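Q: Pasting an experimental structure, sequence included:
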Amino acid sequence: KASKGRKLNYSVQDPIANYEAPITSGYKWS
Amino acid sequence: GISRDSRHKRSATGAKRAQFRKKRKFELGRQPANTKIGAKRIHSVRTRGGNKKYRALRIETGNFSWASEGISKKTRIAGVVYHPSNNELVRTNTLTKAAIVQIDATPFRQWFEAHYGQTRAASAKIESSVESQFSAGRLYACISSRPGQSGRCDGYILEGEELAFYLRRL
Amino acid sequence: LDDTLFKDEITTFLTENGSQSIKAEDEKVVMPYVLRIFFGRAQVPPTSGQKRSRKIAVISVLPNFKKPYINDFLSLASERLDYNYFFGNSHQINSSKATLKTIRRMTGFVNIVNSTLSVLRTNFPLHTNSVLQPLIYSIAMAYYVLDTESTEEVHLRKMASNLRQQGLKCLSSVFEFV
Amino acid sequence: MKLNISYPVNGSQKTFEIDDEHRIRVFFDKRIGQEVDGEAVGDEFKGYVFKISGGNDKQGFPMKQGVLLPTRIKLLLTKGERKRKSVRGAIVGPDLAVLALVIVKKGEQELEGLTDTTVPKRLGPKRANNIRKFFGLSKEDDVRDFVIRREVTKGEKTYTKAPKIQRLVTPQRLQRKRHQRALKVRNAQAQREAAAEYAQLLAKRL
Amino acid sequence: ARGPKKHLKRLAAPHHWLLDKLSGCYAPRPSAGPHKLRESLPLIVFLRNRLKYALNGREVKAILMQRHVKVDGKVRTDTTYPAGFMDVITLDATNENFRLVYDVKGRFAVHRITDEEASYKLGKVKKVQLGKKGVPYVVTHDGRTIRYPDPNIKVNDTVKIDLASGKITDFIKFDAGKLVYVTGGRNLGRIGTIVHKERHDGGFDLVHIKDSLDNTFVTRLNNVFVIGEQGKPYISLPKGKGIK
Amino acid sequence: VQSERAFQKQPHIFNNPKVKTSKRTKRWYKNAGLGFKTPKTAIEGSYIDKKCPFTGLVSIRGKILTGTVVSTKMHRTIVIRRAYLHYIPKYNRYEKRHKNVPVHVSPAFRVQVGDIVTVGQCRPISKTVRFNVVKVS
RNA sequence: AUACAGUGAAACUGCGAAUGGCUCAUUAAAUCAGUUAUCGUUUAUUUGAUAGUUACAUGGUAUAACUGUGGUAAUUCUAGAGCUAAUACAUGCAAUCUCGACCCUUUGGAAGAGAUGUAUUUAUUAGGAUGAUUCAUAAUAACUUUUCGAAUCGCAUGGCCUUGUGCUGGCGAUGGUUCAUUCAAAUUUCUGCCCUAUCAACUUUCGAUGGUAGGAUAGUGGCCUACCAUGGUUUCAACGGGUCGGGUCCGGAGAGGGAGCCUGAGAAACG
Ligand SMILES: [Mg+2]
Ligand SMILES: [Mg+2]
Ligand SMILES: [Mg+2]
């Protein structure tokens, strides 16, 4: 079942780790 | 990029084989040809040797064969209805071999009136379901060719227990 | 007119109930143009695999038309042949009309009828002036040429034999279907 | 700027250097393939029409048709192989060093080096039908007499040179066609005879 | 190598050519042709290292380009043309005709023949099948495709090919008591009579051969070439008659 | 039989409904050779198997082996065991060795864990299946 | 040599550049050594067979070399003009064989009836070879952005007459459809001497094992994908750890880094 990725795997993936950085300012509205 | 080499897979015991060598040209694969209904649109592919493979990216007409009556006519393909391997090919209306499509029945209807002079009688008798489809205006057919290889969408009309089983699945 | 798109245009433009099919109101004006165009394509000599397919396609679109138009197409084929004098008189052929050129036109006419009989079969529309009269006049011409002409005209005799052989084939078919 | 003007009917071409910026201005903002009136350029060009065809900038890079800019850009050029190379835009501007023009139509006055002078075609027709077209020969006429001959003199020696007619009907070609047809006939006949002998052998065996 | 080879080192050349080991570093690589690479004798070797008629490759090239050498009744100009078993080589100027036959040692022997014996060759029918338009044909060992063969002819039979027309003159069936030439294995070049043909479906058939001295030896069927019925071979044999 | 998303049929074997000559669906078969008897259950059966050597598009050629069935827990495939004695010269001694061979088994055969099977080589059916059961005993 | 004709730079076409050479970092059935299959595939070339289905020869929808004008600091950098060819690029054209009355003449003529490419795709029908085939092969109906079926060249100028350069022609070259053959390539069956348990579980943690169907492949094949089954190896040692191959030759790789493409029969190209 888990084969072919059909089951969701939450283990960290190094290549995509820190692919982007969050904006601290947040959404435009308060 | 696509490759067919079996070295990358695990051995029968389950060991992880090491990357033996770089990818070779004699073990290549090419991207799939997602044939979709529309204006005919094909481009050649120069394959190993001097041979050429036609990629049917788009197609809307095909030769379909009534096997029981042993005749063949060129007809428009209405749309995909049921595909055994994956359903989402039905949703996007993708054409590949074994896909069941709906084809215009008009040329077969005209030919049948021509040959039998009926809209002698015993021979004219045909399965009830096929006559019902003729009344509907669309015929369930199975594509026999491989649109991703030969550039054609040739096939045949479902009949008999073929038609019964596929109608049940529908 | 374009050769490459000829086939796909037929299955789209002329297919009955087709989305791109001509409107019933526009059938009267357009169809005379269509019949003439196909008549030109039907005279292509079938020397190759593709050329044979084009001829069959031209004849295979006919059932899609309405019956009056089918008669119109047949009338065009017989128009060049002059047969009115033959039936007008007591079934007497003119020597002047008896030529290699006249036989060639007859063979072209008969070939169209033979193909059209195959596709339409029982539904073929048969009319005296349009088909049967020119068809009869052709077979009479073959007999007259065969007997009158000397053995020297080996080509003309051969062509006459072909027309008779095709002419009798045509008559055998038209009785069988209609 | 320098203007390289060519008269194609002549085949002639000459360069005119320009100093005043006002004819250069009427040339500004135009595009390759457009037309300009010579009278704006100068009285010497009064009544003329120039079609812009090409040119080069102060850095020597050529302009290319189809690109709409007044500046240079690295464009992917072709004729199989394709190279990213710098090219000027097709918009005429002050950045252009030399501008090439073709005289579409002639004005009132005649240019000294262009409308007065000719440069003959370097070579004449070689294919037979091209000879017939050039001289308008009838079919009955034989092209062999009308072929263009150029005289060549070496010191005191002198002799005529003429091209070799291609696509000419000559007995050799008729012979070749006849031989091909006869060869096909002979092969067919031999094959039929072989088939007949094979059938006879089977008949004897049975 | 990433494609077809074109060079053949001397030490890697077949042993039976008997090439001098000190002459150089390369040997003639037989071009593609009727015969296999390992079972062929290129014309350069035959003309230079066997007949000694040429002193170097250039002289062989001159000899051929004069159009003096005929291989099976047809002029050949390729120095490395692969002449092979039952091949007829004609030199008209020297009034010499040769047929290539393995001696008892197993190397190609210079065997002079009469012109009448040069007018034909022998071919083992390697395959029989129907071609296009339903015309039966036979493929022999030397690659000749002969159409309209005799129906009786079957695989492993041997046909008599006239060179001028390339047609079958007669044929010999494969049977016990027939005279056979060994064209491979350890017994190459020996001559004998068939005694019994063992058959193993899905495997290599074996045959027993008895020589005139009554010694017996077994060989695979592929390496047998029928040359006639006992005591009446259809070709001239080399000296010794393939004994021992 | 028709227990799959796609229909199962012997390819290019046509059954004309209009003529309706025979009640039995037309069935195609061949004999594998090497003296291996084609069973009747294949001939008048009703299964569909593309990899059956007697009814499928497969041919038996090459080596023919024998073994003991060790597993039959799959759909139409099994694992057999071939034993032998490997000789080490250094200790001049034999040691018992075994190899597990996966094999395709046609549904026309019935096989239990323990019986002896003779199998024939065929074109690669899967990642590991290169053989096909051809005689059960 | 009044079209050219000897020789011939340049340029366009054709072929070749995947051979040869060189170094050993890698990897312990991965390659490899022996052995087997392709009824599971592609193959330039060689060799042998093989295509009767405006024409006294079509176009520039064409350019190089070449002539001539220039830009730039400048390159195997450049644009504008003007020519001209093909085995380049396009287009393209009154016959044979069956059954044979008359049984006329008894080889024979013969009225009449008929039949007549290849290539791709599908459907359907028949089916000499091998142990074995849905094999070879043949036929039917259609399909094609779909082919191919000499608009080519050298040497020579013979035989007929109906004197027109009328008809009919000898030896070669280069092409081309399919099959076979050869050079090869690709997978593939079985077997194959180190120490190890102080390496006992491993695979299934983006297929692991198998079926059905499709996509891709030159093809077979979880090679990739959708659905479904729960498996495969191992105490007779799986899994793990340590330590160029065989015999100058035969194998095996690799030549700024990594990714992506391209032609060609052959490369993931030393381009
Ligand atoms: Mg400057
Ligand atoms: Mg090449
Ligand atoms: Mg599959």
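A: Arrived safely, thanks for sending. Numbers count the residues shown, from 1 in each chain, chains lettered A, B, ... in the order given. Ligands and ions are numbered 1, 2, ... in the order given.
Q: contacting residues around residue C:131?
A: C:74, C:78, C:113, C:174 (C-beta atoms under 8 Å, 6 or more residues apart in numbering or on different chains). C-beta coordinates here come from the backbone N, C-alpha and C atoms, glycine included.
Q: And those residues, which two are furthest apart?
A: Maximum pairwise distance in the contacts of residue C:131, criterion C-beta to C-beta, is 14.0 Å, between C:78 and C:174.
Q: re earlier: closest one to residue D:152 out of the contacts of residue C:131, please.
A: Out of those, the member with the shortest distance to residue D:152 (by C-beta to C-beta) is residue C:78, at 67.7 Å.
Q: now that closest one, nearest residue through space, not along the chain?
A: residue C:134 (4.0 Å; C-beta to C-beta, 6 or more residues apart in numbering or on different chains).
Q: tell me the SS of the closest residue to chain B within chain D?
A: Nearest residue of chain D to chain B, counting by C-beta to the nearest C-beta: residue D:80, 14.2 Å away. Under DSSP: H, G, I helix; E, B strand; the rest coil, residue D:80 falls in the coil class.
Q: and it, how far is that from RNA strand G?
A: Applying C-beta to the nearest atom of the strand, to the nearest Å, the value for residue D:80 to RNA strand G is 6 Å.
Q: and residue C:129, how many neighbours?
A: A count of nearby residues for residue C:129, using other C-beta atoms under 10 Å in any protein chain shown, gives 14.
Q: cool, the one 5 residues further on as well?
A: In terms of burial, residue C:134 registers 26 neighbours under the definition other C-beta under 10 Å.
Q: can you tell me which helix or strand it belongs to?
A: helix C:133-148 (DSSP states H and E).
Q: Check which helices and strands the helix or strand containing residue F:86 sits against.
A: In this assignment (DSSP H and E), residue F:86 forms part of strand F:77-88. Helices and strands touching strand F:77-88, by 3 or more C-beta pairs under 8 Å, 6 or more residues apart in numbering or on different chains; DSSP states H and E, are strand F:64-71, strand F:93-104, strand F:116-121.
Q: from the chain's centre, how far out does that strand sit?
A: Relative to its chain's centre, strand F:77-88 lies at 19 Å (C-alpha atoms, centre = their mean, to the nearest Å).
Q: How about stretch B:8-27?
A: 33 Å.
Q: wait, does that stretch contact chain E?
A: No: using C-beta under 8 Å from any C-beta of the partner chain, stretch B:8-27 stays clear of chain E, with a minimum separation of 9.8 Å.
Q: thinking again about what came up before, can you give me the angle the strand holding residue F:86 makes with strand F:93-104?
A: Calculated by axes from the mean of the first three to the mean of the last three C-alpha atoms, to 10 degrees, strand F:77-88 forms an angle of 160 degrees with strand F:93-104.
Q: Can you get me a residue count around the nearest residue to residue C:94 once chain neighbours are set aside?
A: Of all residues not flanking residue C:94 in the chain, residue C:85 sits nearest, at 6.6 Å (C-beta to C-beta, 6+ apart). Counted by other C-beta under 10 Å, the residues lying close to residue C:85 total 12.
Q: Next, residue C:85: secondary structure please.
A: Assignment for residue C:85 (three-state DSSP): helix.
Q: what sits up against stretch F:109-129?
A: B:6, B:9, B:12, F:32, F:34, F:36, F:39, F:51, F:53, F:58-72, F:77-78, F:80, F:101-105, F:130-137.
Q: Can you list the buried residues in it?
A: For stretch F:109-129, a neighbour-count test (16 or more other C-beta atoms under 10 Å in any protein chain shown) marks F:109, F:111, F:117, F:118, F:119, F:120, F:121, F:122, F:125, F:129 as buried.
Q: Identify the single longest strand in chain B, thanks.
A: Secondary structure assigned by DSSP state E gives strand B:71-82 as the longest strand of chain B.
Q: What pairs with that strand, parallel or antiparallel?
A: If you go by DSSP bridges, strand B:71-82 pairs up with strand B:61-66 (antiparallel), strand B:100-104 (antiparallel).
Q: winner for burial among those?
A: strand B:100-104 (a mean of 22; mean count of other C-beta atoms under 10 Å in any protein chain shown).
Q: hang on, the earlier thing: how close does the residue nearest to residue C:78 sit to residue C:140?
A: 11 Å (C-beta to C-beta, to the nearest Å).
Q: Please apply the same query to residue A:26.
A: Distance from residue A:26 to residue C:140, by C-beta to C-beta: 99 Å.
Q: more neighbours, these two?
A: Remark: of residue A:26 and residue C:140, residue C:140 carries more neighbours, 17 against 8, as counted by other C-beta under 10 Å.
Q: The more buried one reaches residue C:93, doesn't it?
A: Yes: proximity of residue C:140 to residue C:93 meets the contact threshold set by C-beta atoms under 8 Å, at 6.2 Å.
Q: Mutual contacts of the two, please.
A: The contact lists of residue C:140 and residue C:93 share residue C:86, where a contact means C-beta under 8 Å, 6+ apart.
Q: Please, where are all the strands along chain D?
A: Counting by DSSP E, the strands of chain D are D:2-7, D:12-16, D:35-37, D:49-57, D:73-77, D:83-87, D:96-105, D:150-154, D:157-161.
Q: what would these look like in CSV with mean neighbour count?
A: Formatted as CSV, the strands of chain D follow (neighbours: other C-beta atoms under 10 Å in any protein chain shown):
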stretch, mean neighbour count
strand D:2-7, 19
strand D:12-16, 16
strand D:35-37, 16
strand D:49-57, 19
strand D:73-77, 12
strand D:83-87, 12
strand D:96-105, 19
strand D:150-154, 8
strand D:157-161, 8
